[PDB]
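A.B. asks: Sharing a structure, written as structure tokens. Questions coming.
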Amino acid sequence: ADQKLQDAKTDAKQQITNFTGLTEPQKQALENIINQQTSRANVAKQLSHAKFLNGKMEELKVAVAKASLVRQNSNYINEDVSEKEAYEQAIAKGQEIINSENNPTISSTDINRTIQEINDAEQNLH
Numbered sequence: 001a002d003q004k005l006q007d008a009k010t011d012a013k014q015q016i017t018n019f020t021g022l023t024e025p026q027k028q029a030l031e032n033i034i035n036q037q038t039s040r041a042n043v044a045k046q047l048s049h050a051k052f053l054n055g056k057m058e059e060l061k062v063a064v065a066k067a068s069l070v071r072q073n074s075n076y077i078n079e080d081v082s083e084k085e086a087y088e089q090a091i092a093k094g095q096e097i098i099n100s101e102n103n104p105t106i107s108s109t110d111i112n113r114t115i116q117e118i119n120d121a122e123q124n125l126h
């Protein structure tokens with residue numbers, strides 16, 4: 001019923017508000033997506049997507065936040081400039097996503113690609 005759909009949207013938006021991986025712009029974009037759904041099945045699909053995106057954003061935030069530890073404890077200080085530049089480029093791309101205010105991507109594949117670029121570059125420093 002209409003009351004069932006309204007309640008499912010409210011629940012989903014409340015869950016999204018609790019997430020810590022997603023940025024506030026990402027939460028707002030997803031809450032808007034939730035509000036536009038016409039069935040509870042579709043609300044659940046979008047909430048499942050938000051939960052997965054939240055996990056990837058958690059992974060991305062860790063990969064970016066650990067950069068100073070990596071610079072200090074890996075071979076970064078001794079490494080060739082190409083490897084150091086690749087790492088800083090990848091970290092900067094991750095920072096761009098996290099700090100974005102204008103319509104941040106809600107594409108988990110885009111996030112996963114950025115995570116993988118950081119992880120690949122970090123691996124070459126160990």
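The sequence shown begins at 1 in the authors' numbering and counts up by one.
Where is the CB? At the ideal position from N, CA and C, for every residue including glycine.
If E31 sits next to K56, beta carbons under 8 Å apart, how far is it from one beta carbon to the other, in whole angstroms?
C.D. replies: The Cβ separation is near 18 Å, so there is no contact.
A.B. asks: Quick check: the region 27-41 against the region 81-93, are there 3 or more CB pairs under 8 Å?
C.D. replies: No, the region 27-41 does not touch the region 81-93.
A.B. asks: Reducing DSSP to helix, strand and coil, say where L125 ends up.
C.D. replies: Three-state result, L125: coil.
A.B. asks: In three-state terms, what does DSSP make of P25?
C.D. replies: DSSP places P25 in helix when its eight states are reduced to three.
A.B. asks: Measure the C-alpha to C-alpha separation of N54 and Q72 and round it to an integer number of angstroms.
C.D. replies: If you take the alpha carbons of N54 and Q72, they lie about 28 Å apart.
A.B. asks: Take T38 as the anchor and find which of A8, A50 and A67 has the nearest alpha-carbon.
C.D. replies: Of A8, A50 and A67, the residue nearest in Cα terms is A8.
A.B. asks: Give every residue of the same chain whose Cβ lies closer than 6 Å to the Cβ of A90, excluding the five residues on either side of it in the sequence, and list them in chain order.
C.D. replies: Here the set comprises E117, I118 and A121.
A.B. asks: On the three-state DSSP scale, how would you describe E117?
C.D. replies: Looking at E117 - three-state DSSP - the assignment turns out to be helix.
A.B. asks: Going by CA-CA distance only, name the one from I77, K4 and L22 that's closest to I97.
C.D. replies: The option with the nearest alpha carbon to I97 is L22.
A.B. asks: Using C-beta distances below 7 Å, list every residue in its chain close to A67, excluding the 5 sequence neighbours before and after it, in chain order.
C.D. replies: Excluding positions up to five away in sequence, the list reads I91.
A.B. asks: Give the single residue among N102, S108 and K4 whose Cα lies nearest to the Cα of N42.
C.D. replies: That would be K4, whose Cα lies nearest to the Cα of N42.
A.B. asks: Quick check for students: name the residue ranges of the alpha helix (DSSP H) that lie wholly in the region 24-85, counting only runs of 4 or more.
C.D. replies: Within the region 24-85, the complete alpha helix (DSSP H) runs of at least 4 residues are 24-35, 40-65 and 67-73.
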